[PDB]
Amino acid sequence: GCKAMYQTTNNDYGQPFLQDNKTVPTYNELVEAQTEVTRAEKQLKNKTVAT
Amino acid sequence: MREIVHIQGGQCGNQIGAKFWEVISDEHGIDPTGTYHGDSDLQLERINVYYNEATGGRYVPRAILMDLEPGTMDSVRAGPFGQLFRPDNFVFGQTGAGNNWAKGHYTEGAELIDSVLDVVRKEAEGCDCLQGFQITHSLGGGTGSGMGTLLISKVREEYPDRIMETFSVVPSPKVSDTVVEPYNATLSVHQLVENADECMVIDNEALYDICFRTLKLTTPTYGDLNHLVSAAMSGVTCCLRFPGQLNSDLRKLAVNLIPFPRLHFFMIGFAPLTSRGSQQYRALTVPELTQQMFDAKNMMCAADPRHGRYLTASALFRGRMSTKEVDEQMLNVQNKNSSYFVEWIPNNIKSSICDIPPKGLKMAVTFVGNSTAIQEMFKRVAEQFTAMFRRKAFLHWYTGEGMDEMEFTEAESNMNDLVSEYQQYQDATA
Amino acid sequence: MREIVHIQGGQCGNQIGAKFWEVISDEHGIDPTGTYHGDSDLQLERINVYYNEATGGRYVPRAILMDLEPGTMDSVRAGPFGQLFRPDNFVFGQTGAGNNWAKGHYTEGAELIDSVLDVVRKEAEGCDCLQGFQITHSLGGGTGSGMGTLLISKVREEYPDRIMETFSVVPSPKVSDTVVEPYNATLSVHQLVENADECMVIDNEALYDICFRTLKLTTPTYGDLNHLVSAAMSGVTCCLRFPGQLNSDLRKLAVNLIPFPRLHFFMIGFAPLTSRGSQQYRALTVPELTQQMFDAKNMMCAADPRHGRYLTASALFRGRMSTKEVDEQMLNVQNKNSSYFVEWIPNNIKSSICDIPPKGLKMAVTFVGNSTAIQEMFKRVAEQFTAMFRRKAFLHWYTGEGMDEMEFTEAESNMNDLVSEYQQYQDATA
Amino acid sequence: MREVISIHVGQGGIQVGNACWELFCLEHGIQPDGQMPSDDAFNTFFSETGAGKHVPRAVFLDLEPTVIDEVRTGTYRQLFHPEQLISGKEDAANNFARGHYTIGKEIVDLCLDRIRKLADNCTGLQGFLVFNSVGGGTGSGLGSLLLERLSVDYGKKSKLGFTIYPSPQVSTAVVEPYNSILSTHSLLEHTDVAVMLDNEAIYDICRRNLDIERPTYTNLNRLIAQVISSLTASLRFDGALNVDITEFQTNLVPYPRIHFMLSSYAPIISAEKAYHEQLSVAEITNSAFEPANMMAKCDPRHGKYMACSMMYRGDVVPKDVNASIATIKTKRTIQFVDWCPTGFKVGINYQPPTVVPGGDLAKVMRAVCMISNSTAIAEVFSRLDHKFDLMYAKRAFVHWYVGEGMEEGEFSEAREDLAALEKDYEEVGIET
Amino acid sequence: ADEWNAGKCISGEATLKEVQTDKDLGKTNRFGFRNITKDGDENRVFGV
Ligand SMILES: Nc1nc2c(ncn2[C@@H]2O[C@H](COP(=O)(O)OP(=O)(O)OP(=O)(O)O)[C@@H](O)[C@H]2O)c(=O)[nH]1
Ligand SMILES: Nc1nc2c(ncn2[C@@H]2O[C@H](COP(=O)(O)OP(=O)(O)O)[C@@H](O)[C@H]2O)c(=O)[nH]1
Ligand SMILES: Nc1nc2c(ncn2[C@@H]2O[C@H](COP(=O)(O)OP(=O)(O)O)[C@@H](O)[C@H]2O)c(=O)[nH]1
Ligand SMILES: [Mg+2]
């Protein structure tokens, strides 16, 4: 019994906005910070549930 | 809202229905006392499909239990989840059937059917808009195939437009349990084809094989076999109780799976099924779900699906997955294996998606397929019947209760009629 | 204002009356010592209907107890709630009738009835505005069957415009306790049909069937049967003693239920009734209440409604509920069972809503039905009567106390005429 | 200066009267005990006692004490006059002969004396409003008797009857087709205007608009009270186009025998789905002509229209009504009779409707109430005629009537009057 | 050689939740067609 299991499609229609309008990251840092984003994507499952 | 009423009869039917309400209640979060204890709101929008609300706040299922002997029902009421059933819904005889089809359909069943038919009517008129009936029973016994087929015939007269579901545990020669199985089995098929709208055959031989080889458990019991039937049955009507991308109730399945009115015998399967020690090494993705879906050893029937041609198949996907990948897998199978699919019907596979997977699982698929390979089960039953009927063995009990051998001859011809007609579409060419 | 007096005769009548007074006292909050300790204003709002106020502030029922034997009289005096009755109202003979209608109607009744008629006149002249009389008796016992009907004749002779009610327990064929029973049954019916404005029939076998099947009691008794009858009796005057949306009284019921002067024999029933095991599985709603009401197994009579057609029916509803639901249910049942309803009177169902349900229940229903199926009881009674009378058996007891065979012939002819004229309208068509 | 007297007879009339007086007190702010905490609009329904409380101008009449005793023990005990609540001892019990020949004779004397004691107090009496359910004993018995006595004692005063006829297919009593026709003969020549208020139509209104699947009688009575307030609203409230009671029969009655009409009301909405529509004058007037919104179970599309008296209360603008009415005439599904070119009598009031606290209705700026005379009302007289002939053909339930002092042959005149009335509707409807 | 049920089972126990009247009389419990207004406007005239 998991609470996250009950989330359903058709709730994907408009729901707020995660990133606020006053803290927009610049283009320079978004390019620079892709190393951790790729690193986080690859090993997220390996350190949470694989252990 | 479009409710369905459940009727279970006979020894095997009660055992199947005993575990069905265990699975459904756990899915909807209902304790043995009938008080809702769920966590998510989606468990209550359509809970009235299966359960009735009572004053005081407890939910009672609309289930009817019928038998000629009180032995099995006294066992089911004392077990867990046995207090849910309304005490007024138990109807029983005092003589039993003894695997005598005539006794359960002509002499004893004919005098008790009036009482059980009354409570059947009472539940039906209580529902706002009835959708149909679902029956769990066995074709290898007296009380099962006797009143089971009698009840369907009677129900069809007062509800000619409502749908009907039956889950028939038919005998297999490898797993023999009674010496008079061929007699009463071929008699029920005669009457079952005329009335029921959806019939899904099941063999204990297949369930024993899937437990020993796929699930890989050393000592199976009837509890485990009943569990596999419960999961498959609940997956058929799951989309009727939860939101999803494509909704498809039981009426939609019948339209897309039945090309001709007499061809309504299907074979089912459930995926994924893994052993207790090998679930870490697998990946839960659509490509791996479909490969086990089409496995010949994964079906719930002794018939080999690779010995004939599929007429039409239906796949109910549960969980969250991309719709493009679902269809791409379906189209790919139909092209690479053009030899196993009938060609005069284009795109003979149906796909349905629902958003709520079973508890404790990430993705699941319930497979229903109308295949011409099902004729093999009728072929072997016919051989055993005619060999034993020629010497008129074990017959005087069937003929000793107002029945004549004329009905026996008619039944075997009609089942012969079904087999020949069912096969000739396999050889049909455009 | 519009109060009624109660008079009871015979052993069965006395038991019925005692339990009825117990039920009424419990519902109105009157202790066995006659002191008021109710909890609501509506309890004391209309207490004048059934009770009298004496000095000191205690209440006494306006009940008149009549009999020829002091045994049951002393038993009911020493039993519970035996102190409510005024000691003067006890009038009894010293010999008894010995289950002889002639003895109870000509020899001792004629000489005893002067005092009981005096006390009846006293009560009737003492009450402000009389509404009617209600009498509890049986048609099998000689003393009740004779003295009660003679007193009905006298009371109708002296008070022409008032209403008379009789709650009579008619003989049953399967449950028989007297051998001369058909004789005095027919003799009672002949006199009763001429004078009684209303007649209500009860069957011991019907009560046994109800308590064994619907109630599922292992050891029923006369206490339980009297409790059922008492509840059904108080259901009639509930609407007269309590406010409601559509109030209705005895005259209203008579006008709306009696089409023709001699067709005034009704059958009653009470709902809801459930066993202790199924107490919590039920939901109290108007649809299920009407279903149980129109269920033939709930009737207090052995006559089967499916063997005849309803002329008129009435349904007194107790409790807070919507009027549209009741009206729609009545129309729906009348349209669904149109073949069972007489067709030359449209909307032959009367519904009344009262706002005070019985103590302990949120809702309750009382049913009074005038159907053509009641002729069967008279048919059986007349069959037994003529079978015994063709041989003149047991006739010397009746012929030795003033009567002769011409009275028996006239009574048989009148009963046959009632049966024939009552059956005529069953097949009469428009 | 302008007054009307209200007569309540029978349980059906009383149980809707107390609902009406609940609404009237809220409109004028009179507390239930009768006092006003903090101009003389109330004078049409109430009369000052000299110091403090205001008493209603209505008399309650009944033969059974159950409903009256409910009022006397209720919280409205201190409002009504103690001796204006006339009650009997014995019920009529669905018998018309009992209320017209046996018991009703001994009570009508008491009521006329009180009505006389109420008319002398009034100085500018306008007319009478009488409430009674036709399908009952005392409702039809006493109601016929009061109409006969008032018509000779007062004469030219206009009498308005708000009758509740039995529903077409559902009913409470079984013999009400008998005593419905008997009272029909009496009211034809003794009341100026009669209104059809059966229960089936009101049940449908609650189910569709308010979405009340299981309504009780109180919901029905509240809706009726709103119509009565609107009809009288022009008498006690200033408006752009005022309409008096005497200005009804001059504009609604084509011929003296044709004075049966059916009503409608709009808007009827809850307070949560009212956010999603603007309730413009153009659409509220369209909902008034919806055949499902008629207060009587009759389909107006089966016949012509004679006249329509429809009133707006609120902040409607006169130009808006003409624009809305012009659209109606251009519509083809609504057709009028050929000899009546203009058929709209319209009034405008400045007083928006009020709502009882805890009531089902919501408060809005606009409401329209209609009284319409149409040829389609001929169906209801036929359907009761069909039911009566079925039972009378074998003289069912007749021994109850002949034994109470009424002649057996009286049923012939009652039946023949309805057939005469039908002949009038079919005769007037044909073209020229 | 009979429990408490001796004709008393016509009216027994019936806890407080059972006895209360139905679930709604003359009112709608549907979300969209209910009568209660929100907290923001306890009273406002419903038009334009
Ligand atoms: N609209 C409405 N109609 C009612 C109401 N109460 C009774 N009626 C109507 O009245 C008819 C029966 O007459 P009743 O009002 O019950 O009794 P009555 O008018 O006082 O006449 P009696 O029988 O002599 O008491 C029924 O068919 C109903 O249509 C009510 O509260 N609202
Ligand atoms: N799946 C399953 N099958 C059962 C069970 N009990 C009996 N059976 C099957 O039912 C067949 C015998 O049926 P029978 O008891 O005669 O049916 P009946 O006449 O209705 O009582 C056997 O071949 C068994 O395989 C059970 O608990 N589960
Ligand atoms: N329901 C009920 N019936 C009773 C009771 N006592 C006796 N009877 C019935 O009354 C019949 C005999 O009547 P009887 O007592 O002789 O009447 P009596 O002569 O007037 O006293 C029997 O058939 C019984 O079924 C009782 O307490 N309750
Ligand atoms: Mg009344």
# chains A, B, ... in the order shown; residues from 1 in each chain; ligands from 1

$ residues_around --residues "stretch 5-17 of chain E" --least-positions-apart "4" --cutoff "7 Å" --atoms "only C-alpha atoms" --output "JSON, numbers by chain"
{"B": [56], "C": [224, 227, 273, 276, 360, 361]}

$ interface_residues --of "chain D" --to "chain E" --cutoff "7 Å" --atoms "only C-alpha atoms" --output "VMD selection string"
chain D and resid 211 to 212 214 to 216 219 270 to 275 278 to 279 360 363 to 365

$ write_last_selection --atoms "N, CA, C and O atoms" --output "short mmCIF file (atom, residue, chain, number, x, y, z; two decimals), in the first residue's frame"
data_model
loop_
_atom_site.label_atom_id
_atom_site.label_comp_id
_atom_site.auth_asym_id
_atom_site.auth_seq_id
_atom_site.Cartn_x
_atom_site.Cartn_y
_atom_site.Cartn_z
N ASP D 211 -32.94 20.03 -7.62
CA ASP D 211 -32.33 18.71 -7.45
C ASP D 211 -32.64 18.14 -6.06
O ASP D 211 -31.76 17.78 -5.29
N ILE D 212 -33.93 18.09 -5.75
CA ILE D 212 -34.41 17.49 -4.51
C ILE D 212 -35.08 16.18 -4.87
O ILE D 212 -36.23 16.16 -5.32
N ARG D 214 -35.91 13.61 -2.86
CA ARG D 214 -36.89 13.18 -1.87
C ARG D 214 -37.40 14.40 -1.11
O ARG D 214 -37.00 14.64 0.04
N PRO D 215 -38.29 15.18 -1.71
CA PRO D 215 -38.85 16.34 -1.02
C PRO D 215 -40.03 15.96 -0.14
O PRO D 215 -40.76 15.01 -0.41
N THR D 216 -40.22 16.74 0.92
CA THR D 216 -41.38 16.61 1.78
C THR D 216 -42.39 17.70 1.43
O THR D 216 -42.15 18.57 0.60
N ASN D 219 -41.38 21.57 1.50
CA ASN D 219 -40.75 22.15 0.32
C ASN D 219 -41.79 22.59 -0.70
O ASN D 219 -41.65 23.64 -1.33
N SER D 270 -30.69 26.89 -6.62
CA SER D 270 -29.95 26.83 -5.37
C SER D 270 -28.90 27.93 -5.34
O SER D 270 -28.69 28.67 -6.30
N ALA D 271 -28.20 28.05 -4.20
CA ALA D 271 -27.26 29.13 -3.98
C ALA D 271 -25.84 28.80 -4.40
O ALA D 271 -24.95 29.65 -4.26
N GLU D 272 -25.58 27.58 -4.89
CA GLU D 272 -24.24 27.23 -5.34
C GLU D 272 -24.11 27.16 -6.85
O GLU D 272 -23.04 27.47 -7.38
N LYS D 273 -25.17 26.78 -7.56
CA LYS D 273 -25.17 26.79 -9.02
C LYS D 273 -25.68 28.12 -9.57
O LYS D 273 -25.82 28.27 -10.79
N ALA D 274 -25.98 29.08 -8.69
CA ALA D 274 -26.39 30.41 -9.11
C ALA D 274 -25.21 31.27 -9.55
O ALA D 274 -25.39 32.24 -10.28
N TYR D 275 -24.00 30.92 -9.10
CA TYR D 275 -22.78 31.60 -9.53
C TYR D 275 -22.52 31.47 -11.02
O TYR D 275 -21.82 32.32 -11.58
N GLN D 278 -26.22 34.23 -15.12
CA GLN D 278 -26.41 35.63 -14.78
C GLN D 278 -27.85 35.99 -14.43
O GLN D 278 -28.08 37.07 -13.88
N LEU D 279 -28.80 35.11 -14.73
CA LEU D 279 -30.22 35.35 -14.43
C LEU D 279 -30.71 36.64 -15.08
O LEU D 279 -31.36 37.49 -14.46
N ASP D 360 -34.61 26.49 0.86
CA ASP D 360 -33.95 25.93 -0.32
C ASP D 360 -33.63 27.00 -1.35
O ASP D 360 -32.61 26.92 -2.04
N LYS D 363 -31.49 33.99 -2.91
CA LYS D 363 -31.94 35.37 -3.09
C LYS D 363 -31.33 35.97 -4.34
O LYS D 363 -30.12 35.89 -4.56
N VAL D 364 -32.18 36.56 -5.18
CA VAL D 364 -31.78 37.09 -6.48
C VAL D 364 -32.48 38.43 -6.71
O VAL D 364 -33.42 38.80 -6.00
N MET D 365 -32.00 39.17 -7.71
CA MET D 365 -32.54 40.48 -8.03
C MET D 365 -33.83 40.43 -8.83
O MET D 365 -34.50 41.46 -8.96
#

$ residues_near_ligand --ligand "ligand 2" --cutoff "8 Å" --atoms "only C-alpha atoms and all ligand atoms" --output "PyMOL selection string"
chain B and resi 9-16+67+97-99+137-145+169-171+175-178+203-204+222-223+225-226+229

$ residues_around --residues "stretch 187-200 of chain C" --least-positions-apart "4" --cutoff "7 Å" --atoms "only C-alpha atoms" --output "PyMOL selection string"
chain C and resi 139+145-146+149+153+156+163-168+183+262+264-267+411+414-415

$ interface_residues --of "chain B" --to "chain C" --cutoff "7 Å" --atoms "only C-alpha atoms" --output "MDAnalysis selection string"
chainID B and resid 54:55 86:87

$ interface_residues --of "chain B" --to "chain A" --cutoff "10 Å" --atoms "only C-alpha atoms" --output "list in words"
residues 26, 27, 29, 38, 39, 40, 41, 42, 43, 242, 243, 244, 245, 280, 319, 320, 321, 354, 355, 356, 357, 358, 359, 360, 361 and 362 of chain B

$ write_last_selection --atoms "N, CA, C and O atoms" --output "CSV table (one decimal), in the first residue's frame"
chain,number,residue,atom,x,y,z
B,26,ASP,N,-9.3,-6.3,0.1
B,26,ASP,CA,-8.0,-5.7,0.3
B,26,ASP,C,-7.7,-4.6,-0.7
B,26,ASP,O,-7.1,-3.6,-0.3
B,27,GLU,N,-8.1,-4.7,-1.9
B,27,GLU,CA,-7.9,-3.6,-2.9
B,27,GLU,C,-8.7,-2.4,-2.5
B,27,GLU,O,-8.2,-1.3,-2.7
B,29,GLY,N,-9.7,-1.7,0.6
B,29,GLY,CA,-9.4,-1.4,2.0
B,29,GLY,C,-10.6,-1.7,3.0
B,29,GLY,O,-10.9,-0.8,3.8
B,38,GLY,N,-9.4,2.7,4.2
B,38,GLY,CA,-8.4,3.0,3.1
B,38,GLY,C,-7.7,4.3,3.4
B,38,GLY,O,-7.9,5.0,4.3
B,39,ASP,N,-6.8,4.6,2.5
B,39,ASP,CA,-5.9,5.7,2.5
B,39,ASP,C,-6.1,6.7,1.4
B,39,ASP,O,-6.0,7.9,1.7
B,40,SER,N,-6.4,6.3,0.2
B,40,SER,CA,-6.7,7.1,-0.9
B,40,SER,C,-8.2,7.3,-1.2
B,40,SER,O,-9.0,6.4,-0.9
B,41,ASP,N,-8.5,8.4,-1.8
B,41,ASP,CA,-9.9,8.7,-2.1
B,41,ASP,C,-10.5,7.9,-3.2
B,41,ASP,O,-11.7,7.6,-3.3
B,42,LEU,N,-9.6,7.4,-4.2
B,42,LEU,CA,-10.1,6.7,-5.3
B,42,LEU,C,-10.7,5.4,-5.0
B,42,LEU,O,-11.4,4.8,-5.8
B,43,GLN,N,-10.5,4.9,-3.8
B,43,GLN,CA,-11.0,3.6,-3.3
B,43,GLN,C,-12.5,3.7,-3.0
B,43,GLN,O,-13.1,2.6,-2.7
B,242,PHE,N,-11.9,2.0,-11.7
B,242,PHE,CA,-10.9,3.0,-11.6
B,242,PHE,C,-10.8,3.8,-12.8
B,242,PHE,O,-11.1,3.4,-13.9
B,243,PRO,N,-10.3,5.1,-12.7
B,243,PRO,CA,-10.1,5.9,-13.9
B,243,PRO,C,-8.9,5.4,-14.7
B,243,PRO,O,-8.0,4.7,-14.2
B,244,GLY,N,-8.9,5.7,-16.0
B,244,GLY,CA,-7.8,5.3,-16.9
B,244,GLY,C,-7.8,6.0,-18.2
B,244,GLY,O,-8.8,6.8,-18.5
B,245,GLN,N,-6.8,5.7,-19.0
B,245,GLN,CA,-6.8,6.4,-20.4
B,245,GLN,C,-7.9,6.0,-21.3
B,245,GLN,O,-8.6,6.8,-21.9
B,280,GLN,N,14.2,-9.6,-8.1
B,280,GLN,CA,15.2,-8.5,-8.2
B,280,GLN,C,15.8,-8.4,-9.6
B,280,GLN,O,16.2,-7.3,-10.0
B,319,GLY,N,-1.6,0.3,-14.5
B,319,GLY,CA,-0.5,1.1,-14.2
B,319,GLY,C,-0.4,2.3,-15.1
B,319,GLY,O,-1.2,2.6,-16.0
B,320,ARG,N,0.7,3.0,-14.9
B,320,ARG,CA,1.1,4.2,-15.8
B,320,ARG,C,2.1,3.8,-16.8
B,320,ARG,O,3.2,3.4,-16.4
B,321,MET,N,1.8,3.9,-18.1
B,321,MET,CA,2.7,3.7,-19.1
B,321,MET,C,2.3,4.5,-20.3
B,321,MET,O,1.2,4.9,-20.5
B,354,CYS,N,-5.6,1.2,-17.8
B,354,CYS,CA,-6.2,1.7,-16.6
B,354,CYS,C,-5.0,2.2,-15.7
B,354,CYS,O,-3.9,1.7,-15.8
B,355,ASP,N,-5.3,3.2,-14.9
B,355,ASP,CA,-4.2,3.9,-14.2
B,355,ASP,C,-3.9,3.3,-12.8
B,355,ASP,O,-2.8,3.6,-12.3
B,356,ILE,N,-4.7,2.3,-12.3
B,356,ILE,CA,-4.5,1.8,-10.9
B,356,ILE,C,-3.9,0.4,-11.0
B,356,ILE,O,-4.7,-0.5,-11.4
B,357,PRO,N,-2.7,0.2,-10.7
B,357,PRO,CA,-2.1,-1.2,-10.7
B,357,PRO,C,-2.5,-1.9,-9.4
B,357,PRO,O,-3.0,-1.3,-8.4
B,358,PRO,N,-2.4,-3.2,-9.4
B,358,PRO,CA,-2.8,-4.0,-8.2
B,358,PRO,C,-1.9,-3.6,-7.0
B,358,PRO,O,-0.7,-3.2,-7.2
B,359,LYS,N,-2.4,-3.8,-5.8
B,359,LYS,CA,-1.6,-3.5,-4.6
B,359,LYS,C,-0.4,-4.4,-4.5
B,359,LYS,O,-0.5,-5.6,-4.7
B,360,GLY,N,0.8,-3.8,-4.3
B,360,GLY,CA,2.0,-4.5,-4.2
B,360,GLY,C,2.7,-4.7,-5.5
B,360,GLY,O,3.7,-5.4,-5.6
B,361,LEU,N,2.2,-4.1,-6.6
B,361,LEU,CA,2.8,-4.3,-7.9
B,361,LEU,C,2.9,-3.0,-8.6
B,361,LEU,O,2.2,-2.0,-8.3
B,362,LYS,N,3.8,-2.9,-9.6
B,362,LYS,CA,4.0,-1.7,-10.4
B,362,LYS,C,3.2,-1.7,-11.7
B,362,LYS,O,2.6,-0.7,-12.0

$ select_by_dssp --residues "chain A" --states "helix (DSSP H, G or I)" --output "VMD selection string"
chain A and resid 4 to 6 27 to 32 34 to 48

$ residues_near_ligand --ligand "ligand 4" --cutoff "9 Å" --atoms "only C-alpha atoms and all ligand atoms" --output "list in words"
residues 246, 247 and 248 of chain C; 10, 11, 12, 62, 63, 64, 66, 67, 91, 92, 93, 94, 136, 137, 138 and 139 of chain D

$ closest_atom_pairs --of "chain C" --to "chain D" --cutoff "8 Å" --atoms "only C-alpha atoms" --output "JSON lines"
{"residue": "C:1", "atom": "CA", "partner": "D:89", "partner_atom": "CA", "distance": 6.5}
{"residue": "C:2", "atom": "CA", "partner": "D:90", "partner_atom": "CA", "distance": 6.9}
{"residue": "C:129", "atom": "CA", "partner": "D:89", "partner_atom": "CA", "distance": 7.8}
{"residue": "C:243", "atom": "CA", "partner": "D:66", "partner_atom": "CA", "distance": 6.4}
{"residue": "C:245", "atom": "CA", "partner": "D:217", "partner_atom": "CA", "distance": 7.7}
{"residue": "C:247", "atom": "CA", "partner": "D:66", "partner_atom": "CA", "distance": 7.9}
{"residue": "C:248", "atom": "CA", "partner": "D:93", "partner_atom": "CA", "distance": 7.6}
{"residue": "C:249", "atom": "CA", "partner": "D:93", "partner_atom": "CA", "distance": 7.3}
{"residue": "C:251", "atom": "CA", "partner": "D:93", "partner_atom": "CA", "distance": 5.8}
{"residue": "C:252", "atom": "CA", "partner": "D:93", "partner_atom": "CA", "distance": 4.4}
{"residue": "C:255", "atom": "CA", "partner": "D:400", "partner_atom": "CA", "distance": 7.0}
{"residue": "C:256", "atom": "CA", "partner": "D:174", "partner_atom": "CA", "distance": 6.0}
{"residue": "C:258", "atom": "CA", "partner": "D:397", "partner_atom": "CA", "distance": 7.3}
{"residue": "C:259", "atom": "CA", "partner": "D:397", "partner_atom": "CA", "distance": 4.7}
{"residue": "C:260", "atom": "CA", "partner": "D:397", "partner_atom": "CA", "distance": 6.6}
{"residue": "C:261", "atom": "CA", "partner": "D:399", "partner_atom": "CA", "distance": 7.4}
{"residue": "C:321", "atom": "CA", "partner": "D:216", "partner_atom": "CA", "distance": 7.6}
{"residue": "C:322", "atom": "CA", "partner": "D:216", "partner_atom": "CA", "distance": 4.7}
{"residue": "C:323", "atom": "CA", "partner": "D:216", "partner_atom": "CA", "distance": 5.5}
{"residue": "C:324", "atom": "CA", "partner": "D:214", "partner_atom": "CA", "distance": 6.0}
{"residue": "C:325", "atom": "CA", "partner": "D:214", "partner_atom": "CA", "distance": 6.0}
{"residue": "C:327", "atom": "CA", "partner": "D:170", "partner_atom": "CA", "distance": 6.7}
{"residue": "C:328", "atom": "CA", "partner": "D:170", "partner_atom": "CA", "distance": 7.6}
{"residue": "C:331", "atom": "CA", "partner": "D:170", "partner_atom": "CA", "distance": 6.4}
{"residue": "C:344", "atom": "CA", "partner": "D:390", "partner_atom": "CA", "distance": 6.0}
{"residue": "C:345", "atom": "CA", "partner": "D:391", "partner_atom": "CA", "distance": 5.9}
{"residue": "C:346", "atom": "CA", "partner": "D:387", "partner_atom": "CA", "distance": 7.1}
{"residue": "C:347", "atom": "CA", "partner": "D:174", "partner_atom": "CA", "distance": 6.1}
{"residue": "C:348", "atom": "CA", "partner": "D:174", "partner_atom": "CA", "distance": 5.6}
{"residue": "C:349", "atom": "CA", "partner": "D:174", "partner_atom": "CA", "distance": 6.6}
{"residue": "C:350", "atom": "CA", "partner": "D:173", "partner_atom": "CA", "distance": 5.3}
{"residue": "C:351", "atom": "CA", "partner": "D:172", "partner_atom": "CA", "distance": 5.7}
{"residue": "C:352", "atom": "CA", "partner": "D:172", "partner_atom": "CA", "distance": 7.7}
{"residue": "C:430", "atom": "CA", "partner": "D:390", "partner_atom": "CA", "distance": 7.8}

$ closest_residue --among "D:103, D:55, D:316, D:243" --to "ligand 1" --atoms "only C-alpha atoms and all ligand atoms"
D:103

$ select_by_dssp --residues "stretch 58-260 of chain D" --states "strand (DSSP E or B)" --output "PyMOL selection string"
chain D and resi 58-62+85-87+125-133+158-164+193-196+241+260

$ write_last_selection --atoms "C-alpha atoms" --output "short mmCIF file (atom, residue, chain, number, x, y, z; two decimals), in the first residue's frame"
data_model
loop_
_atom_site.label_atom_id
_atom_site.label_comp_id
_atom_site.auth_asym_id
_atom_site.auth_seq_id
_atom_site.Cartn_x
_atom_site.Cartn_y
_atom_site.Cartn_z
CA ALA D 58 -56.93 35.04 8.46
CA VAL D 59 -59.28 32.48 9.99
CA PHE D 60 -58.41 28.79 10.36
CA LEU D 61 -61.24 26.30 9.84
CA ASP D 62 -61.10 22.54 10.28
CA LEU D 85 -58.65 29.08 15.18
CA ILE D 86 -61.93 27.21 14.73
CA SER D 87 -61.72 23.43 15.16
CA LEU D 125 -61.65 45.39 1.46
CA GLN D 126 -60.40 44.04 -1.88
CA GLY D 127 -61.42 40.38 -1.85
CA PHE D 128 -60.96 36.92 -0.37
CA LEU D 129 -58.20 34.32 -0.66
CA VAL D 130 -59.38 30.79 0.14
CA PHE D 131 -57.09 27.76 0.31
CA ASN D 132 -58.41 24.21 0.10
CA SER D 133 -57.42 20.83 -1.33
CA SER D 158 -64.00 38.97 -5.84
CA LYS D 159 -63.09 35.56 -4.44
CA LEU D 160 -59.84 33.82 -5.40
CA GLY D 161 -59.45 30.10 -4.79
CA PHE D 162 -56.05 28.40 -4.64
CA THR D 163 -57.15 24.78 -5.02
CA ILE D 164 -54.92 21.70 -5.11
CA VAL D 193 -60.75 32.75 -10.29
CA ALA D 194 -59.45 29.22 -9.66
CA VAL D 195 -55.83 28.09 -9.91
CA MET D 196 -54.52 24.59 -10.62
CA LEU D 241 -46.73 49.31 -13.16
CA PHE D 260 -59.58 28.27 -14.63
#

$ atom_distance --atom1 "atom 18 (P, counted along the ligand's line) of ligand 3" --atom2 "atom CA of residue C:84"
23.2 Å

$ atom_distance --atom1 "atom CA of residue A:30" --atom2 "atom CA of residue A:16"
21.9 Å

$ closest_residue --among "C:112, C:60, C:300, C:363" --to "chain E" --atoms "only C-alpha atoms"
C:363

$ atom_distance --atom1 "atom CA of residue B:213" --atom2 "atom CA of residue B:236"
24.7 Å

$ residues_around --residues "residue C:268" --least-positions-apart "3" --cutoff "7 Å" --atoms "only C-alpha atoms" --output "PyMOL selection string"
chain C and resi 299-300+367-369

$ residues_around --residues "stretch 113-125 of chain B" --least-positions-apart "2" --cutoff "8 Å" --atoms "only C-alpha atoms" --output "JSON, numbers by chain"
{"B": [5, 62, 64, 66, 89, 91, 109, 110, 111, 127, 128, 130, 147, 151]}

$ closest_residue --among "C:82, C:182, C:235, C:34" --to "ligand 3" --atoms "only C-alpha atoms and all ligand atoms"
C:182
